[PDB]
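# Fold and geometry: a report
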Amino acid sequence: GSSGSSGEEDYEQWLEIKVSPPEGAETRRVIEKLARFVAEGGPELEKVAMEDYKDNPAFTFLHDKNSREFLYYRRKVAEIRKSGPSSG
């Protein structure tokens with residue numbers, strides 16, 4: 001088996017290192033939305049999101065896979081990930 005996962009709370013240890021510039025906080029309100037919508041449901045969302053904002057000059061990060069936005073979205077996902085839904 002070539003798969004090992006050590007740590008958990010570390011998920012927040014990432015939030016410590018945000019993406020640059022720090023202006024992303026402006027979109028954070030929107031980013032967190034995605035994550036909260038992704039980490040919440042899963043990849044299915046990340047797939048739908050690409051459609052929801054198919055034509056969005058704001059969510060231009062979605063498609064792209066090398067945008068600070070796409071990074072911050074993941075840095076937060078780890079946050080919501082830990083604690084997202086409330087049932088299981």
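Residues numbered from 1 in each chain as written, not as in the entry; some residues may be left out. Heavy atoms only, no water.

- Listed as the method for this PDB entry is solution NMR.

### Observations concerning the overall build of the protein chain
- Broken down by element type, the protein chain carries 5 helices and 0 strands.
- Ordered by position from the N terminus, the helices and strands of the protein chain form the series α-α-α-α-α.
- Taking as baseline every contact in the protein chain between residues at least 6 positions apart, the subset at least 24 positions apart corresponds to 66%.
- In the protein chain, 14 side chains carry a positive charge and 17 a negative one; their mean positions are 1 Å apart. (Helix = DSSP H or I, 4+ residues; strand = E, 2+ residues; numbered from the N terminus. Contact = heavy atoms within 4.5 Å. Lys, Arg positive; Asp, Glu negative; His and termini not counted. Charge placed at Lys NZ, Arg CZ, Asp CG, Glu CD.)

### Let's talk about the packing of aromatic side chains
- Going through the model one piece at a time under the given rule, you end up with 3 aromatic pairs.
- Ring geometry for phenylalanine 59 against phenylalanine 61: centres 4.5 Å apart, planes inclined by 45°, an arrangement best described as tilted. Across the pair, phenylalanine 61 and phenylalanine 59 agree in class, each one buried.
- Judged by centre distance (6.1 Å) and plane angle (35°), the ring pair of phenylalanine 70 and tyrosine 73 falls under tilted. Of the two residues, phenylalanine 70 and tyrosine 73 both sit in helix α5 (residues 68-82), 3 residues apart, roughly one turn of that helix.
- The exposure class assigned to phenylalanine 70 is buried, which follows from its relative accessible area of 16%. (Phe/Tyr/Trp six-rings, centres within 6.5 Å; stacked < 30°, edge-to-face > 60°. Buried < 20%, exposed > 50% of the residue type's maximum accessible area, 1.4 Å probe, protein only.)

### Side note on the side chain of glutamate 69
- Residue placement: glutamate 69 occurs in helix α5.
- Contact partners of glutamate 69, with chain neighbours within four places excluded, come to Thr27, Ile31, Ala58 and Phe61.

### A look at the packing of helix α2 (residues 25-41) against helix α3 (residues 43-52)
- In the contact formed by α2 and α3, the axes pass within 8 Å of each other and the chain directions differ by 145°. Contacts from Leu34, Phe37, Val38 and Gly41 of α2 reach α3 at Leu45, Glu46, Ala49 and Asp52.
- For the contact of α2 with α3, a count of residues per class yields 5 nonpolar, 1 polar and 2 charged. (Axes fitted to C-alpha atoms, helices over the stretch in contact; angles between N-to-C directions. Nonpolar A, V, L, I, M, F, W, Y, C, P; charged D, E, K, R; others polar.)

### Observations regarding the packing of α2 against α5
- Contact pair α2 / α5: the axes reach a minimum separation of 8 Å and the direction vectors enclose 55°. Judged by the inter-axis angle, α2 sits oblique to α5. In the packing of α2 onto α5, the handedness of the crossing is right-handed. Side by side, α2 and α5 meet where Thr27, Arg28, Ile31, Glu32, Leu34, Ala35, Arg36, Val38, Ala39 and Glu40 of the first sit next to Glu69, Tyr72, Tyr73, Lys76, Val77, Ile80 and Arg81 of the second. (Parallel < 35°, antiparallel > 145°, perpendicular 65-115°, else oblique. Left-handed = near helix turned anticlockwise from the far one by under 90°.)

### Considering the nonpolar core
- The biggest cluster of nonpolar side chains holds 17 residues, and the ones touching the most others in it are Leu34, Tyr53, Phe59, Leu62 and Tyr73.
- Beyond its immediate sequence surroundings of up to four residues, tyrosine 73 is in contact with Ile31, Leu34, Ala35, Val38 and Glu46. (Core = buried A, V, L, I, M, F, W, Y, C linked by side-chain atoms within 4.5 Å.)

### Focus: unusual backbone geometry
- Here the amide bond leading from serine 20 into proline 21 is cis, since omega sits at 0°, within 30 degrees of zero.
- Locating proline 21 in the fold gives a position in the loop between α1 (10-15) and α2.

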